[PDB]
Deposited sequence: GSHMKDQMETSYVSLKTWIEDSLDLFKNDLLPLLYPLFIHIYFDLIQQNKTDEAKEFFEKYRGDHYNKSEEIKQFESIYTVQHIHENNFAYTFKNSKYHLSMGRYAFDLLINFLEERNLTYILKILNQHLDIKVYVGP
């Protein structure tokens, strides 16, 4: 499930070494929106609003308040900042180690939904050296 996986990732990150937390925290924002949009598409407007409200202060307030008013599938279609976000790639940059720790964690815990999001929706530049 989406929300459980978000939390379990969140809890792992917040516990990592500060050296990696920098490269890992940006990951929660696009994942967060993506979970919100996915609950909406499943037509779980209630669940979606609870999830959004709960973790919206974990990370960007200007953009958060743009999404606050987006509850339904129609609202995603009519607001281009929401449509663009859903259908385009969100870019992140990571060091090689943070990346490796991150994928090991998702694969070891079979966080199959978060890996889907990475592959389909995220554009991660892995800095090597």
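What the model leaves out of the deposited chain are the segments 1 to 6, 66 to 67, 138.
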